[PDB]
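Comments concern the structure below.
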Amino acid sequence: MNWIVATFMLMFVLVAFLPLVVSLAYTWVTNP
Amino acid sequence: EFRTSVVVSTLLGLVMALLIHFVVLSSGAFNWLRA
Amino acid sequence: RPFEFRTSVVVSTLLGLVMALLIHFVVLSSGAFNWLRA
Amino acid sequence: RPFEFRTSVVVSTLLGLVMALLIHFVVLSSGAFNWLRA
Amino acid sequence: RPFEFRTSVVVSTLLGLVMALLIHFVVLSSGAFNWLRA
Amino acid sequence: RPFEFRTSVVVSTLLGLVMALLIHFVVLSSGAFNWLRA
Amino acid sequence: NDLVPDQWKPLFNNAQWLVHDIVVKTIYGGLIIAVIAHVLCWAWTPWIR
Amino acid sequence: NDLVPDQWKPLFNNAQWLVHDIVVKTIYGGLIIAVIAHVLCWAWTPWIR
Amino acid sequence: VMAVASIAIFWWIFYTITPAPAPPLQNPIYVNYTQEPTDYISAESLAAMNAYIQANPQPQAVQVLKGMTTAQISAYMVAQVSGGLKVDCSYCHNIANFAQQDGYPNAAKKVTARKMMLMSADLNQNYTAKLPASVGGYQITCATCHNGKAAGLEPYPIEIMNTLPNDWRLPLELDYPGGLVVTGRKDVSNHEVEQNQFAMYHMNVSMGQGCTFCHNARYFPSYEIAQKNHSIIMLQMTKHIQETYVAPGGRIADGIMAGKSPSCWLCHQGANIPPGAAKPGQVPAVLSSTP
Amino acid sequence: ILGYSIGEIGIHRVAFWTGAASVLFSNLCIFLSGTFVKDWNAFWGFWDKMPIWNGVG
Ligand code: BCL
Ligand code: BCL
Ligand code: BCL
Ligand code: BCL
Ligand code: BCL
Ligand code: BCL
Ligand code: BCL
Ligand code: BCL
Ligand code: HEM
Ligand SMILES: CC(C)=CCC\C(C)=C/C=C\C(C)=C\C=C\C(C)=C\C=C\C=C(C)\C=C\C=C(C)\C=C\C1=C(C)C(=O)CCC1(C)C
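Residue numbers (the deposited numbering), protein chains in the order written: chain Y, 1 to 32; chain 1, 7 to 41; chain 3, 4 to 41; chain 5, 4 to 41; chain 7, 4 to 41; chain 9, 4 to 41; chain 4, 7 to 55; chain 2, 7 to 55; chain C, 30 to 320; chain L, 253 to 309.
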């Protein structure tokens, strides 16, 4: 109940974190 | 990329094994390590 | 190289060391073995 | 060629020193040996 | 050529000094020797 | 050329000054000598 | 080069092969010692009970 | 990159293929051990009850 | 889908293995503390008690507890006196003639117990009758301040006071109608504010709830929550306890309690309406607020 | 001054990254405070009892 939904919302917070990492790794790769 | 798949796979598997091992230990329902 | 060999050995030795340390600390703090005055 | 030798010796002597220090601290603070007024 | 001698002496004289200082502070603070009003 | 002399004298006088200062602070704060109203 | 067998030729360089060998030997020795230590920790006091 | 079969040729390089073999073998072994361990944890004390 | 499936498997695992949630302890008298296993009360003593109840109608030579029968007295003693302290039944009683002290029937304890009874009655009558409606009629008794322990209780344990300095204690030598106020005073500096925040965090850990329990953090000098008035009464009560009973003219002279300040935590023990506090109607008339 | 020059392309990357990271850590902290942590002083209670120094006092 409370904890299932809480974990699922924490998933979304980490997904918000996600794009910045893709930016960093793209810069690392495409700049040899 | 294949390596992204294997990286995320191991990480998720390791985290999941660790979380299940912690939950089962802390539940106190198995008489394991003085319980 | 689909995987640089040295990346594998680095991550292997780090994971192994962390895992040994964590297990050791859990076993010591459980207090179920009578080791170092217990 | 796959590994620089000096990186190995550097990491080895750092890990060994840290490990000796940590074990020495833990054993001293456990208070189970009667060493330095205990 | 690979291993610079001066790096060795620098790290040696730093580690030795730190180690002497740490041991001197631990022994003083243990209060087991009756040294400087103890 | 391998060892600049002035680096040696700089580090020597810095270490000596710091060490004299630290020892005088420790001795003063120990309160075991009856020096400056103690 | 060319010291590694043909089946693993596309993966391993020459130098990477000897390190590997060292790694495998160390892992085998460590596993043997781990098994012995576990048998000893069991004979002392069992943990499952 | 011609060691992989034709059906999977667009996807896999040559080097990727062998690591993929290693991964499949490891996964099969792990699944067998996992099944054995669960049968044992069940015979000990069942969890559903 | 692998992620959500794994999360579902994990939660099923957890629900299955996890031991069930706990129901709150229900005891007819106390709010959250029970005395259930009476093995600590010896059994030969319990047999002798029945005799004294059945033999005599009224208790000979009771100084306090004036409107009770021997049976009521005995039941009250086994339920709250022996129950609060978890002592032996003979811990301050003799087998017979236990009205007075003869032959050291664990002498010098019965009189301290009588004085504790008096002090509890006085606290209950002077301070615990304030804004009674909507607060409840809970009343202080033996289980409070003792929590199943005869002696050696600690008003400041080590677990609380993680952030505070260990030398620190609640400052009870102040008028406390508003003596701790600090806002906008212009004759106090950051040192006074630091002492204030120490005391406030202590009140925070004592009470189960958070810091907005009684403050309305937009303006701290405001009194709109009305859970502060209760705190003013409790503060005057704690100061009165310390000044009158812990150290009346020095701990050595005419002091009981062995010089232990009340500390606001040994009563509440991590929750408002402390668990040792008796429910309304479960305390002798003399000991209660309305006698 | 300080013995390092980041370059023209370097400073703009760093600006973008720091700006983006601040708000992410912030929203994590608030969501966590609401759901799992009641007070923050109790969180740091574990540090004192770290084995290395739990008995030296
Ligand atoms: C007695 C049984 C206990 C129990 C406790 C556990 C514990 C503890 C674990 C599981 C885990 C698993 N359990 Mg269970 N399990 C129970 C009840 C259940 C029930 C149920 C009643 O319905 C179900 C459906 C499951 C289902 C599952 C699977 C989903 C999962 C393992 C499969 C896997 O991923 O592949 C197989 C396993 C792998 C992940 C792949 C193999 C990887 C290789 C082998 C890595 C090993 C390398 C090794 C660590 C290092 C080697 C040394 C080198 C020298 C460095 N469990 C009861 C409560 N369960 C395991 C897990 O993985 O959780 C994800 C886990 O550890
Ligand atoms: C007494 C029994 C305790 C317990 C206490 C421990 C402790 C403590 C440890 C383990 C460790 C392990 N335990 Mg156990 N363990 C218990 C119950 C179990 C159970 C169970 C019943 O289900 C299982 C499955 C395991 C399984 C395992 C493995 C996961 C792991 C080591 C396997 C291996 O060989 O290492 C894999 C291979 C190696 C480690 C290679 C070693 C490499 C070289 C040899 C290291 C040398 C280090 C050297 C000193 C450094 C200086 C060298 C320089 C050259 C000088 N344990 C009970 C609870 N277990 C060990 C761990 O994993 O740490 C890593 C660990 O320390
Ligand atoms: C009294 C027994 C205490 C205990 C107290 C300690 C303490 C304390 C220590 C160890 C250390 C070790 N212990 Mg023990 N240990 C105990 C029980 C155990 C048990 C067990 C029963 O299971 C095990 C397996 C171990 C195993 C070990 C190894 C992991 C480790 C050292 C191995 C080695 O030779 O060093 C590997 C090789 C070396 C260290 C190379 C040394 C290099 C050179 C010689 C260092 C010289 C330093 C010099 C002074 C600097 C100045 C020189 C300049 C030239 C002047 N201990 C019990 C609890 N143990 C030691 C540790 O690891 O620290 C490193 C450590 O200090
Ligand atoms: C009284 C006993 C106390 C104790 C108190 C101390 C104190 C205090 C010290 C040590 C130090 C040391 N102790 Mg001890 N030590 C104890 C128990 C032990 C035990 C144990 C039983 O297990 C061990 C193994 C050791 C081992 C050691 C070595 C690790 C170390 C010095 C070794 C060496 O020769 O120096 C290595 C070589 C040298 C230091 C080279 C010296 C270089 C030159 C000579 C320095 C000259 C300085 C000069 C004054 C500067 C001006 C000169 C200008 C030219 C004018 N001690 C007990 C607890 N021990 C010493 C330390 O390490 O500090 C360095 C330290 O000060
Ligand atoms: C009273 C005894 C106190 C104590 C108090 C102090 C104090 C205080 C000091 C020392 C200092 C020293 N002590 Mg002692 N010390 C004690 C016990 C000990 C013990 C012990 C029993 O084990 C030891 C081994 C030592 C050993 C030492 C040396 C490590 C050190 C100085 C050695 C040296 O000659 O200087 C090395 C060589 C020199 C310092 C060169 C000096 C250079 C020139 C002469 C400096 C001139 C400065 C001038 C004023 C600046 C203006 C000049 C312009 C031209 C005008 N002490 C007890 C606890 N000890 C001194 C320290 O190290 O400070 C440096 C320090 O001040
Ligand atoms: C609780 C009951 C027993 C206990 C039960 C067990 C059991 C059971 C086991 C151990 C194991 C070990 N225990 Mg124990 N252990 C006890 C108490 C102790 C005590 C002590 C304080 O008393 C000590 C010091 C130890 C120490 C150890 C080590 C000897 C060993 C773990 C090896 C490992 O983890 O490293 C592995 C580290 C890594 C994987 C990396 C190693 C790093 C390499 C060697 C350094 C070179 C690196 C190279 C330069 C490349 C650099 C790479 C960089 C990282 C990038 N135990 C108690 C008494 N212990 C385990 C062991 O022996 O198996 C071998 C074992 O199975
Ligand atoms: C509660 C009752 C039982 C219990 C019930 C079970 C059950 C049931 C199961 C386990 C499982 C396992 N248990 Mg258990 N377990 C118990 C107590 C223990 C104890 C101990 C302290 O007592 C230990 C050490 C273990 C340990 C383990 C491992 C042997 C195993 C989990 C494998 C896994 O998670 O890793 C998987 C890790 C990953 C997925 C990644 C592995 C990393 C690879 C191998 C390293 C190489 C990486 C490579 C270089 C690429 C690098 C990639 C980078 C990461 C990016 N259990 C108790 C006694 N346990 C599970 C298992 O055996 O299934 C295999 C199983 O199903
Ligand atoms: C006693 C109170 C606590 C406190 C409690 C909180 C709480 C509670 C929070 C913060 C949060 C923040 N606090 Mg704080 N904070 C305190 C003390 C401080 C101190 C200081 C020096 O003491 C500082 C620097 C900060 C700094 C900050 C950052 C950590 C963070 C900023 C919010 C933000 O970036 O996202 C805010 C982002 C948005 C909401 C902006 C959304 C805007 C949308 C997209 C635009 C709408 C368009 C709008 C209509 C305009 C239209 C344009 C047309 C022209 C009209 N706090 C005190 C100690 N702090 C907040 C945070 O974590 O962020 C989640 C928060 O939750
Ligand atoms: C019941 C209302 C009640 C009784 C009865 C009672 C008795 C009692 C005794 C016998 C002691 C002394 C035990 C010893 O061997 O010395 C004692 C001591 C303390 N008490 Fe008490 N007490 C009763 C009630 C209360 C209440 C409500 C409080 C709360 C303030 C309280 C407090 C104390 C304190 C403090 C002590 C001293 C503990 C120590 O360490 O010295 N009592 N009580
Ligand atoms: C708290 C506790 C108990 C700690 C325990 C651990 C302890 C106490 C010690 C541990 C280690 C020790 C003993 C360190 C000691 C270091 C010393 C003494 C360094 C040298 C000083 C000698 C010095 C600086 C001499 C320097 C040379 C100088 C000043 C020359 C200056 C000059 C310069 C450079 C010029 O332009 C020309 C003029 C002139 C030549 C005079």
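Where a beta carbon is used, it is the ideal one built from N, C-alpha and C, also for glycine.
Residue i: contacting residues in chain 9 (beta-carbon distance under 9 Å)
{"i": "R9 (chain 7)", "result": "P5, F6"}
DSSP three-state assignment for residue i, whether helix, strand or coil
{"i": "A307 (chain C)", "result": "strand"}
{"i": "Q238 (chain C)", "result": "coil"}
{"i": "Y81 (chain C)", "result": "helix"}
{"i": "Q168 (chain C)", "result": "strand"}
{"i": "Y59 (chain C)", "result": "strand"}
{"i": "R40 (chain 3)", "result": "coil"}
{"i": "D8 (chain 4)", "result": "coil"}
{"i": "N126 (chain C)", "result": "coil"}
{"i": "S318 (chain C)", "result": "coil"}
{"i": "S278 (chain L)", "result": "helix"}
{"i": "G262 (chain L)", "result": "helix"}
{"i": "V21 (chain Y)", "result": "helix"}
{"i": "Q154 (chain C)", "result": "helix"}
{"i": "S257 (chain L)", "result": "coil"}
{"i": "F249 (chain C)", "result": "coil"}
Contacts of residue i in chain 5 (Cβ-Cβ under 9 Å)
{"i": "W299 (chain L)", "result": "The contacting residues do not exist; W299 (chain L) stays about 15 Å from chain 5 at best."}
{"i": "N7 (chain 4)", "result": "The contacting residues do not exist; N7 (chain 4) stays about 11 Å from chain 5 at best."}
Which listed residue (the options) has its alpha carbon closest to that of residue i
{"i": "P5 (chain 3)", "options": "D12 (chain 2), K15 (chain 2), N19 (chain 2), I33 (chain 2)", "result": "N19 (chain 2)"}
{"i": "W296 (chain L)", "options": "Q55 (chain C), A136 (chain C), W41 (chain C), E188 (chain C)", "result": "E188 (chain C)"}
{"i": "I26 (chain 1)", "options": "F43 (chain C), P52 (chain C), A51 (chain C), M266 (chain C)", "result": "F43 (chain C)"}
{"i": "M1 (chain Y)", "options": "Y133 (chain C), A37 (chain C), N155 (chain C)", "result": "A37 (chain C)"}
{"i": "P134 (chain C)", "options": "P57 (chain C), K144 (chain C), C118 (chain C), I285 (chain C)", "result": "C118 (chain C)"}
{"i": "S318 (chain C)", "options": "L201 (chain C), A34 (chain C), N195 (chain C), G165 (chain C)", "result": "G165 (chain C)"}
{"i": "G213 (chain C)", "options": "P250 (chain C), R280 (chain C), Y205 (chain C)", "result": "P250 (chain C)"}
{"i": "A34 (chain C)", "options": "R9 (chain 1), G19 (chain 1), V30 (chain 1)", "result": "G19 (chain 1)"}
{"i": "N293 (chain L)", "options": "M286 (chain C), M266 (chain C), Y230 (chain C), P313 (chain C)", "result": "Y230 (chain C)"}
{"i": "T32 (chain 2)", "options": "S33 (chain 1), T16 (chain 1), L31 (chain 1)", "result": "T16 (chain 1)"}
{"i": "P16 (chain 4)", "options": "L37 (chain 2), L24 (chain 2), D12 (chain 2)", "result": "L24 (chain 2)"}
{"i": "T267 (chain C)", "options": "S218 (chain C), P291 (chain C), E73 (chain C), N56 (chain C)", "result": "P291 (chain C)"}
{"i": "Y59 (chain C)", "options": "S149 (chain C), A307 (chain C), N123 (chain C)", "result": "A307 (chain C)"}
{"i": "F12 (chain Y)", "options": "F268 (chain L), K301 (chain L), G309 (chain L), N279 (chain L)", "result": "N279 (chain L)"}
{"i": "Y156 (chain C)", "options": "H269 (chain C), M31 (chain C), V315 (chain C)", "result": "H269 (chain C)"}
Chain 4 residues whose Cβ lies nearer than 7 Å to that of residue i
{"i": "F28 (chain 3)", "result": "The premise fails here: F28 (chain 3) is roughly 16 Å from chain 4 at the closest Cβ pair, so nothing lies under 7 Å."}
{"i": "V14 (chain 3)", "result": "Those do not exist, as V14 (chain 3) stays about 13 Å from chain 4 at its closest Cβ, beyond 7 Å."}
Chain-ordered neighbours of residue i on chain 7, where CB pairs are closer than 8 Å
{"i": "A35 (chain 9)", "result": "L39, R40"}
Contacts that residue i makes with chain 1 (C-beta to C-beta distance below 8 Å)
{"i": "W53 (chain 4)", "result": "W38, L39"}
Residue i: contacting residues in chain Y (beta-carbon distance under 9 Å)
{"i": "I36 (chain C)", "result": "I4, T7, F8, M11"}
Under 8 Å by beta carbon: chain 4 residues contacting residue i
{"i": "residue 134 (chain 2)", "result": "The requested residue 134 (chain 2) does not occur in the structure, where chain 2 is confined to residues 7 to 55."}
Query raised in the report: When a residue counts only if its C-beta is closer than 7 Å to some heavy atom of ligand 4, which residues count, in chain order?
Result: Residues flagged by the Cβ proximity filter: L39 (chain 5), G19 (chain 7), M22 (chain 7), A23 (chain 7), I26 (chain 7), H27 (chain 7), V30 (chain 7).
Query raised in the report: Which ranges does the alpha helix (DSSP H) cover as unbroken runs of at least 4 residues, wholly within the region 6-38 of chain 3, from first to last along the chain?
Result: Note on the region 6-38 of chain 3: whole alpha helix (DSSP H) runs with a minimum of 4 residues are 8-33, in chain order.
Report task. With a floor of 4 residues, list each alpha helix (DSSP H) that falls wholly inside the region 81-122 of chain C, ordered by position along the chain. Result -> Secondary structure within the region 81-122 of chain C: the alpha helix (DSSP H) runs of 4 or more consecutive residues, fully enclosed, are 99-105, 111-114 (chain order).
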